[PDB]
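Asker: Below: the sequence, then the experimentally determined structure.
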Amino acid sequence: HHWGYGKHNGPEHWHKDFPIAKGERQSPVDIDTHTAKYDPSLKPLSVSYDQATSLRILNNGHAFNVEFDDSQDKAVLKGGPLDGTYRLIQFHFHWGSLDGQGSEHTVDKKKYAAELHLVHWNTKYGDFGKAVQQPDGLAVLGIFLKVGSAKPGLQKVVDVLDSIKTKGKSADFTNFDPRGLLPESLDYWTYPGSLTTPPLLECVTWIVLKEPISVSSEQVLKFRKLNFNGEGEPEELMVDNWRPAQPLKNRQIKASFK
Ligand SMILES: NS(=O)(=O)c1ccc(CCNc2ncnc(Cl)c2[N+](=O)[O-])cc1
Ligand SMILES: [Zn+2]
């Protein structure tokens with residue numbers, strides 16, 4: 001009986017195995033655009049993905065992760081609100097059963113069709129596993145998806161999904177360029193929070209872009225053909241794998257833009 005999103009094991013149940021679920025800096029949150037303060041000391045985000053090396057894509061039974069070789073100083077995130085340099089390790093999405101829901105963060109309560117998380121760990125902690133143990137260990141760059149025009153840079157990911165339909169399947173996934181998934185503007189909101197899945201650790205500086213990317217209805221439909229179950233188990237479509245907004249508690253959301 002471990003965690004998931006279904007009835008019986010979804011987000012309102014996670015606190016029983018992961019008490020930090022009701023902690024002081026949980027994610028996601030609703031971004032109240034009128035209350036976020038412009039912070040003229042924030043820097044432009046620096047996203048250096050030219051040398052990114054993807055390795056593999058994996059259906060882990062919650063989502064699919066596109067995994068990177070993070071053994072050298074390649075795909076990094078810095079600047080913005082960050083001190084130091086954070087290294088890309090994987091990306092994944094959260095999406096809905098319908099286009100009216102799916103994102104984890106919301107903007108003035110607006111839910112987008114999906115949300116992309118590019119996960120980076122602080123190189124001062126030497127690896128991902130040690131980083132998640134620190135309050136400034138991770139930087140996750142969150143990008144909203146709306147349904148409209150297709151995102152050509154997404155299509156390679158969409159096409160490999162029928163090879164990892166079920167939990168525990170993986171596939172070779174090299175030379176995937178994540179610059180294809182970024183909107184034009186890097187205007188962002190930022191606040192301190194957590195992993196949005198168990199173990200829900202409070203180790204994340206969240207950077208959420210204001211500009212969504214557009215993906216097609218056929219693209220997001222293919223996400224929804226994935227399965228939560230393993231091969232040879234009864235089919236449970238992989239939909240609604242998002243955690244709802246959690247209490248903001250004392251925290252400030254800062255905006256990089258006027
Ligand atoms: N949705 S999100 O906030 O962007 C996000 C959620 C979860 C993760 C990592 C979850 N995996 C782990 N987390 C913590 N410790 C270990 Cl040791 C692992 N682990 O798997 O070995 C990364 C990002
Ligand atoms: Zn995520």
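Answerer: Noted; the coordinates are in hand. Numbering: from 1, shown residues only. Ligands and ions are numbered 1, 2, ... in the order given.
Asker: For the rest of this, base every contact and every neighbour count on C-alpha atoms.
Answerer: Will do.
Asker: mind listing what the nearest residue to residue 149 once chain neighbours are set aside touches?
Answerer: Leaving aside its sequence neighbours, residue 149 sits nearest to residue 216 (Cα to Cα, 6 or more residues apart in numbering; 5.1 Å). Applying Cα atoms under 8 Å, 6 or more residues apart in numbering, we find residue 216 in contact with 147, 148, 149, 150, 151.
Asker: mind running it again at 10 Å?
Answerer: 145, 146, 147, 148, 149, 150, 151, 152, 154, 155 (Cα atoms under 10 Å, 6 or more residues apart in numbering).
Asker: now residue 176
Answerer: For residue 176, the contacting residues are 52, 53, 54, 55, 56, 66, 67, 68, 153, 154, 156, 157, by Cα under 10 Å, 6+ apart.
Asker: What subset of those residues is buried?
Answerer: 52, 53, 54, 55, 56, 66, 67, 68, 153, 154 (16 or more other Cα atoms under 10 Å).
Asker: hey, what's the third one bridged with?
Answerer: If I follow you right, that is residue 54. residue 68 (DSSP bridges).
Asker: isn't it right up against residue 69?
Answerer: Yes. With contact defined as Cα atoms under 10 Å, residue 54 counts as touching residue 69 (6.2 Å).
Asker: anything in contact with each of those two?
Answerer: 75, 88, 89, 90, 174.
Asker: now the last one, what's its secondary structure?
Answerer: Spelled out, it's residue 174. coil (DSSP: H, G, I helix; E, B strand; the rest coil).
Asker: if we can go back for a sec, which members of the contacts of residue 216 are positioned in strands?
Answerer: Using DSSP state E, the subset of the contacts of residue 216 located in strands is 145, 146, 147.
Asker: from these, which is closest to residue 118?
Answerer: Ranked by distance to residue 118 (Cα to Cα), the ones in strands among the contacts of residue 216 are led by residue 145 at 13.4 Å.
Asker: OK, contacts around the closest one?
Answerer: Contacts of residue 145 by Cα under 10 Å, 6+ apart are 93-95, 99, 102-103, 111-116, 151, 181, 183, 211-216, 220.
Asker: Next: residue 256.
Answerer: Residues near residue 256 by Cα under 10 Å, 6+ apart: 36-45, 80-81, 186-190, 207, 209-210.
Asker: what does residue 251 give?
Answerer: Counting by Cα under 10 Å, 6+ apart, residue 251 touches 24, 25, 191, 192, 193.
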